[PDB]
Structures are given as structure tokens and as C-alpha cells.
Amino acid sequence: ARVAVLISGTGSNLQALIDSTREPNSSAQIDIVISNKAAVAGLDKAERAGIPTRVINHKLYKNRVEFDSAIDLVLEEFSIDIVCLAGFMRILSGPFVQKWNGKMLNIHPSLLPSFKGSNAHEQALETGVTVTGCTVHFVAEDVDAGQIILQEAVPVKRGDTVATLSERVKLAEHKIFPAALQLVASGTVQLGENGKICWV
């Protein structure tokens, strides 16, 4: 399966995906890394790994659909099968999400359905949970509302901040995101016609 990773920041999940997909038994190959920000560590990790890169600036497109269309064009040029959102901090349009239904994964730093949205660690800390985690899911039109592929629980420790909790959750993210990509790329997990998740 040919994989595109879309990034926006440091790309520690990108690095985890690079590491696992280079293993001999990987059913996925990362063929392109796409960023909406042109000076991010993620781009450098891709270049270090010999992966082509492309930067798409919203400042050249009139709307989301136009911008996602630019992404989609690069995906088609690279004959991409699967899209991983790895710290990608834009919201995707309906048609783009519709087109990639069942073929786009996202990593979210909470145990969904808890703490949907942008500041999941702050939400978890304000709520007082003692257990949080991360979730790999298929991307649906409702943000953080697609089918769940894998999750991993992570303890919250007294005195945690966004800094320390995100650090601990990310170790978990670096495990389930590669596993999830491997499950989808091998066809072991798929989105069934009923929109439910199938283990084959």
C-alpha cells in the first residue's frame, strides 16, 4: 500500500511511521510527505529518510476545497492508497474526506469519544481523568468521529501538565499509529460497506 503522510509540526509520529514502514514485513511504504507549513521538523525527517516532500500553503487557495484539491492532486500523482494525518492541524473538506473514506487515518491524543477537538490534553487535565490515551481512527466528516482502529491507555500522573502528559501519550502514539497503518495496509482492518470496521 502506498502511503502519504500529512504533517504540520515536529513529526515524531512521522518518524515512528518511517521507522516501522521500513521494516521488511511492512505492508506500507511512505511515498510522499505533505506539509501545510514550510519550516517544520517533519519535512526534515522526511528528507533525511529519502522521502519526497511537498509544502502546500493555504495562502495560495481561496477555500478549503481548493486547498484540499491541491493535496489530492499530489496524492494522485504519487498513486497513493492511504493517507495518514500525523499532526496535521487543518480541517479537511467534506468532499476530500468523502473521497478518502476508509483510506485516511488520524492519530488523536485522547481515548475517543472523550475529548474530541484541538486541545485534548488540556481537556483531559481540566476534567480530572486519571486515565487518558490516544486513538487511531478513520477520518469521517464529523471531526474525531470516524471508526476507531486502535487505542492505548496512558496514566495521568499528579502534577502533569500538557508538556508531561503529551510526552507520555506520544510514546503510546508511536506504538499504535504504526500498528494501525500496518493493519489497514495489509487489509487486516477495513471499513465495511456498513461503515463498521472489519477484521479480515
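Just count from 1 along the sequence shown to find any residue number. The term rigid core refers to the maximal set of C-alpha atoms that superpose within 1.5 Å between the two forms.
The higher RMS C-alpha distance to the shown form in 9 other deposited structures of this protein, out of 47-55 and 159-167, belongs to 159-167, with every structure fitted on the core. Taking the rigid core as the alignment reference, the C-alpha atoms of 117-125 lie farther on average from the displayed form in 9 other deposited structures of this protein than those of the other stretch among 117-125 and 69-77. Here the stretch with the larger average CA B-factor, out of 88-96 and 101-109, is 88-96. When the C-alpha B-factors of 51-59 and 146-154 are averaged, 51-59 comes out higher. As recorded in the PDB entry, 65 shows the highest C-alpha B-factor of the residues 65, 28, 33, 163. As recorded in the PDB entry, 10 shows the highest C-alpha B-factor of the residues 21, 186, 15, 10.
Remark: residue 136 belongs to the lowest third of its chain, ranked by C-alpha B-factor as recorded. For residue 168, the recorded CA B-factor ranks within the lowest third of the chain. Only modelled residues enter the ranking. Among the modelled residues of the chain, residue 200 sits in the highest third by CA temperature factor in this PDB entry.
Per the deposited record, the Cα B-factor of residue 174 falls in the lowest third when ranked against the other modelled residues of its chain.
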